[PDB]
Structures are given as C-alpha cells and as structure tokens.
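So this first bit is one chain, no partners, the form deposited in one PDB entry, shown in structure tokens.
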C-alpha cells in the first residue's frame, strides 16, 4: 500500500497553507496523531528544538535524518535570512518527499538536502561543501550511529567550541552509549530535556551537548 511518507505529503498539500511553515508543521502533527504514529508527532520535541534555535541563532546547522522534512521545516523556519541547514538523508525517496515538503513551505532556499549516508557525507563537508565548522547538529538518524558520527564529526574538525549538538530519542528507543560518552566527556557540557511520546505514554528525551573543544593532546 501507500507509504507513510507519501501520505504525509499528500495531507500537507491538501490541508496546509503554502509558504506558512507553522501550518505545515501543524498539518503533519494533526495527521500523524490521527494515525497514532507516535514517533512522527513532533510538537513536544519541537518546543525544545525551537528554544535551542532561538537561544543560539546558528548560521549553519547539520541535520542527520530528514524523513519527510518535519524537523527541517521546524528548524529552517526559525533560521535567519542567509543561514543554512544541511540535511543528510540516506533514503532517496525520503529525500524526495522532504524536498517537496520544503518547496511547499517556501523554505527550500535555506536547506540543502544531501542524499547519502551520514558516515559517507560527513568527511566530504569540508572540501566538497566548503564547511568550516558547524554551529549546530541535530541527530535524528540511525540510533547506533549517534556516537560514531559524533566521533567522526570531531575527527573531521567540523565541531568548534560552542557547537551545539541536539540529539532526539535518547531514551526511547535510546542512545545510551552516546549519552554515556557526551555526559562523561570534558569535551561536552550536557543538558537533558524530557519529551513525551503519545500512545506508548512514555517520557522520551533529547540531549543537548555543547562541544567545548578537544581534550588535551596529552
């Protein structure tokens, strides 16, 4: 049958208002709530995401995992003129839906969808995409890659003192190794935010981990 993804875009195109990102977000959440797709209702985590963007005003954000574009719309709508969101998405069909979602929102010029695996694309950011360092990273892709890709971002020199990592679903289904690393490391200052998931009626969470610069070479 029809994929969740194509149905979410259909619902937006039929119910939301073009060039009104808030209406796009609300339509996605309304539809996903009706379908009882707990991991696709974004308003609770969105409150936390919005507060991060508003506080830190990042000029260059990297997102890992786009899906249908909800979080890309959520973040891009709060970015300044001339700021940039890069979003990495391994599934071309999801990249395609995300692109269409952004076009409907009117936010396509602020976002570049990078089609590929994070582990393959991250080492290309410096030279192929002319990145210095990222201001913010939103981790929302394959859970077992949160820690490896954080280490990869570090090694490739893409983090600076002050870079804000924000990781979703750190409790459900969980990213315990990622949490133990950033919480235990002097290179990250961490804050935890509770975020409810409907139907499962569980308190998931997001972790904010602000990079402090590398550990001493000695």
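Residue numbers count along the first chain shown, from 1. Shifts are known only where both forms have a C-alpha. Rigid core (definition): largest C-alpha set, two forms, superposition within 1.5 Å.
Just so you know, the form deposited in another entry exists too; it's not on screen, but the next bit is about it.
Once the two forms are fitted on their rigid core, between the shown form and the other one the CA displacement reaches 2 Å or more only for 41 among 68, 165, 182, 41. With the core held fixed between the shown form and the other one, residue 197 has its Cα displaced by at least 2 Å. Look at residue 28 and residue 198: in the other form their Cα atoms come 3 Å or more closer than in this form. Legend note: Cα of residue 78 to Cα of residue 41 is at least 3 Å closer in the other form than in the depicted form. Residues present in both forms were considered; between the shown form and the other one, the rigid-core fit shows Cα displacements of 2 Å or more across three or more consecutive positions at 38-41, 197-201.
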